[PDB]
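The data below hold one chain only, encoded as structure tokens and taken in the form deposited in one PDB entry.
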């Protein structure tokens, strides 16, 4: 598959110039991050990728920039002592950035080609291609994940209906927390309950709360049981083939949680994926897909109810669960006996609102959400629900 290998090669070419960018910046005592350059590159790209989703394209380009900076910081570390041979430094503006701008545009052509042909991405080819880069797994995962979303495209008249009846049917799971759940008073609570309410208020809508779940989520969506759904729903490619997504409202990735008393025997992916480790997981969502793809040796227990699954780690019946880092960090605080077992997340994942596939609904919801993330303290809402703002 020419198209895919060509796209991966052009991305590695971009990353391969970055030691040279770092030598220049080291020599001139310049920071790694140049935000003005970043914005110029991002705006050029979105204006040349209009047929692609702009949020996905910016995430994909942003992650290449994040990969580029990590590489540059690898080099900065090297250059303590060593130093740049000052006679070797290559011009950032005359030499290096024109080349990056050119690669930029070639990457764009190839995205357009892959999109049009419906290039089926192979995660195994990506990995083989990028394995040699000194880049942490989250960055490498984001590179592939956002690329895949950029490359996936039967709509509904959801907005038309809503503008008549003003009745926003909002699908919730009530098993996640901090996103959606019940207090021990019984009432719906979460980041997503409040998000959904603020969205209703500002559109002039009333909410019917429809109960869904991870195993029936997409089935419930295809049957048109809700109009949107919020419950810390991961934005994935598979979901986006059938449904739509808002702008992302949280960025993270999967980590491990287990008992503090076990952490030395479990603080590595290698140490966790052994025969003797018992993995517990909730059915039907990104937790399940992850551990099915990520693990070869560990036996996996399905635990149907996500509100009670952490009790199995506490009690000793399972050893580790892979889940969203924001969940792991909340449960590590709720339960003193538990700790997050890994240094850093293994994956890249964002939370977005699931939408029925109506592009006008998406435009309007995206406009509001991004306004909201600008204009209201999102930090304090997360925090209000037990999320340490870090």
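Positions refer to the first chain, counted from 1. Rigid core here is just the name for the largest C-alpha set that superposes within 1.5 Å across the two forms.
One more form of this protein should be noted, the form deposited in another entry, which is absent from this view; the next part is about it.
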Only one of 223, 276, 94, 183 passes the 2 Å C-alpha shift threshold between the shown form and the other one with the rigid core fixed, namely 94
Hey, does residue 131 budge by 2 Å or more at the Cα between the shown form and the other one once the core is superposed?
-> no
ask   = residue 162: CA shift of at least 2 Å between the shown form and the other one after core fit?
value = no
Item to check | Core-aligned C-alpha movement of residue 364 between the shown form and the other one reaching 2 Å | outcome: no
